[PDB]
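Taking it in order: structure first as structure tokens, then the write-up.
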Ligand code: HEM
Ligand SMILES: O=C(O)c1ccc(-c2cccs2)cc1
Ligand SMILES: [Cl-]
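Written as structure tokens, this is what we have:
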């Protein structure tokens, strides 16, 4: 009933160009079995969306990586939000929602926007730059650690820690094993910064600790919730902004439309999130036998969702392989869907919007002018190096 495929979605070949294999996975059926890892897979929009929106049946508390927490020990203490199901998920989620809330974005927008304009002005003085190290990495590093309230010392641990976290959702391949081998100094730094005395007043970390007297979380839960923002809050945005710049570099007609109406900046970023999907895949575990898209899956089985594939599924999207900054993007799954849908999406969209606004107002052309190099991670998609020449408007 269910087709068995040998495709390895965690292989370097797949990362280098996932799109043909994703079509093969979608077209094989609504539910496939991946023999390489003994997991079920769903690559169509319909089933990805259905799985995400049934957290009772497709739970997160057994881990959102390949590893089943009922069978193996997690590599670090489980996240109180990502790796929790309702009702345990609900109150920590509400705290992070209020910490990263629509109202909070007002307190940071002016500074985030000025830093984006400043970075684009700096890059234009150099002309030829690496849009990864010099922009996609440099911009979030210039705003997010400060908004968290982190001290300056030790910030070089943040991107390695995040890469470790996202590699650790994969199978026990070399990318994952090597990340864990190297992890001790990054875990040590990150855990220490999560303690209340190490988080500057007014930042996101201090605000999480301030919620420990309302009855929503206790003091001993706050450090792990700070850990969540230090895990998911930087490397995702690096790959999102890198994706947007890569899209504008490859589709100059869309850069021209963005220049002509900079208020398209926010949707141009959302479309980049759909088109490249910085978070490509992750898992749920079944809590019962379940029928999904006409197939029967037993209890206790890992189900791999292909978010990037769902975002390119022609059953859902017109011209899915085109980057279109005026596309109606509502419904894409690049930030997830349902109860776990990205709690930091307003921070991500703010960074992306203000960066693309700066480019729209200040840059006339973005031309790739060197070898493009991909960065390999078990669940994040993005580039290692993107040499571009920026021409001023
Ligand atoms: C372009 C940038 C980003 C992308 C593509 C992205 C993607 C996602 C996705 C797909 C999920 C759902 C995971 C699941 O259902 O298991 C998620 C959850 C989450 N994200 Fe984001 N994210 C981004 C930025 C951020 C930022 C900036 C923050 C914090 C400042 C953040 C914090 C979180 C947290 C804490 C969760 C867990 C929420 C929950 O389990 O209820 N993310 N993100
Ligand atoms: O530590 C945390 O709570 C944490 C939360 C979310 C993530 C993401 C996984 C996949 C997309 S976002 C990773 C870590
Ligand atoms: Cl840790």
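Numbering (the entry's author numbering), first residue to last: 17 to 409.
In this text, a Cβ means the ideal position worked out from N, Cα and C, and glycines have one as well.
Where do the N-terminal and C-terminal ends of the alpha helix (DSSP H) with residue 401 fall, by residue?
First-last for residue 401: 398-401, but that is the beta strand (DSSP E), not the alpha helix (DSSP H).
Which of the three DSSP states, helix, strand or coil, is assigned to residue 302?
Residue 302: strand per DSSP, three-state reduction.
Quick one: grab the DSSP three-state call for residue 23.
If DSSP states are grouped into helix, strand and coil, residue 23 belongs with coil.
Any heavy atom of ligand 3 within a distance shorter than 8 Å of the CB on residue 203?
Answer for residue 203: yes, Cβ within range of ligand 3.
Which same chain residues, not among the five before or five after residue 184, have their C-beta less than 7 Å away from its C-beta?
Result list for residue 184: 81, 91, 192, 195 and 196, in chain order.
Just the C-alpha distance for residue 257 and residue 300, rounded to the nearest angstrom, thanks.
Each residue's alpha carbon lies about 27 Å from the other.
With which residues is residue 404 paired in a DSSP beta bridge?
Beta-bridge pairing links residue 404 to 145 and 384.
Cβ of residue 328 within 9 Å of Cβ of residue 35?
It is a contact, given that the beta carbons lie within the stated cut-off.
Let's see if you can read the secondary structure: which residues bound the beta strand (DSSP E) around residue 35?
From DSSP, residue 35 is part of no beta strand (DSSP E) but of the alpha helix (DSSP H) over 35-44.
Identify, in the order they occur along the chain, each residue of the same chain with its Cβ nearer than 7 Å to the Cβ of residue 154, setting aside the five sequence neighbours on each side.
Within the same chain, residue 154 has close Cβ partners 135.
When you measure from the CB of residue 358 to every non-hydrogen atom of ligand 2, does any distance come out below 8 Å?
Yes; taking the cut-off as 8 Å, the Cβ of residue 358 has a heavy atom of ligand 2 nearer than that.
What residue range does the beta strand (DSSP E) around residue 114 cover?
First-last for residue 114: 106-115, but that is the alpha helix (DSSP H), not the beta strand (DSSP E).
With residue 56 as the anchor, note down where its beta strand (DSSP E) starts and where it stops.
Per DSSP, residue 56 belongs to the beta strand (DSSP E) from 55-58.
Could you check the C-alpha separation between residue 49 and residue 317 for me, to the nearest Å?
Distance between the alpha carbons of residue 49 and residue 317: 11 Å.
Is residue 233 near ligand 2, going by C-beta to nearest heavy atom under 8 Å?
Flag unset: Cβ of residue 233 not near ligand 2.
I need the DSSP call for residue 339, collapsed to helix, strand or coil.
The answer is coil: DSSP assigns residue 339 none of H, G, I, E or B.
Alpha carbon to alpha carbon, what distance is there between residue 364 and residue 236?
Roughly 27 Å separates the two Cα atoms.
Please state the DSSP three-state secondary structure of residue 75.
In this structure, residue 75 counts as strand in the three-state DSSP scheme.
On a CA-only basis, which of 240, 336, 369 and 247 is nearest residue 278? Give me that one, please.
Minimum Cα distance to residue 278 is reached at 369.
Rounding to the nearest angstrom, what Cα-Cα distance links residue 288 and residue 234 in this structure?
So the alpha carbons of these two residues sit roughly 38 Å apart.
Sorry if obvious, but does the Cβ on residue 134 come closer than 8 Å to a heavy atom of ligand 2?
Residue 134: no, Cβ never under 8 Å from ligand 2.
Looking only at DSSP bridge pairs, what is residue 313 linked to?
Looking at the DSSP assignment, residue 313 forms a beta bridge with 306.
If you follow the beta strand (DSSP E) that residue 318 is in, where does it begin and where does it stop?
Where residue 318 is concerned, the enclosing beta strand (DSSP E) stretches over 318-322.
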